[PDB]
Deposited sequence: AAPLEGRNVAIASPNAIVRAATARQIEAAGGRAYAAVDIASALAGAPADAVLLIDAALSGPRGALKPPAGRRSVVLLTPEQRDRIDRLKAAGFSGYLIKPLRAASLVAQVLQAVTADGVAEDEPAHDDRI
């Protein structure tokens, strides 16, 4: 009953209620939660192996949202924002979760999370 035992998961969200609720879901599943207000603070505050849960609330006005290169990221969407799935997958997101999050769905997308593309002897 601890499917995230020994897993690190960051939650980047500008919303206090989403950061606290998602951190409580990560920890109840046996994971370690790293709460941050945005992508830069999630990269600075979370272990290098953490899966990044990134709130689509952090998108630009036209919906641009870049998952960090060489990291494993899942985007949090409203049901009305499902039209963005193809663009967010093309940007390098592993998958999506629909707000409000189901614990079982969070666990499955963290366990299956895949890397975005991207990341000397010559003196």
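Comparing the deposited sequence with the modelled residues, the single stretch lacking C-alpha coordinates is 120-126.
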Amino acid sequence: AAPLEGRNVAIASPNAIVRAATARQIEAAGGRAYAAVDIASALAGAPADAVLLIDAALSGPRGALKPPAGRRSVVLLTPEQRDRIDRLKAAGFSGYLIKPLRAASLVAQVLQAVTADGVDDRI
From here on, numbers count along this sequence of modelled residues.
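The entry lists a Cα temperature factor for residue 72 that places it in the lowest third of the chain's modelled residues. In this PDB entry, the Cα temperature factor of residue 109 sits in the middle third of its chain's modelled residues. Residue 48: CA B factor lies in the highest third for its chain, per the PDB record. Residue 85: CA B factor in the middle third of modelled residues in this chain (values from the PDB entry). Sort the modelled residues of the chain by CA B factor and residue 15 lands in the lowest third.
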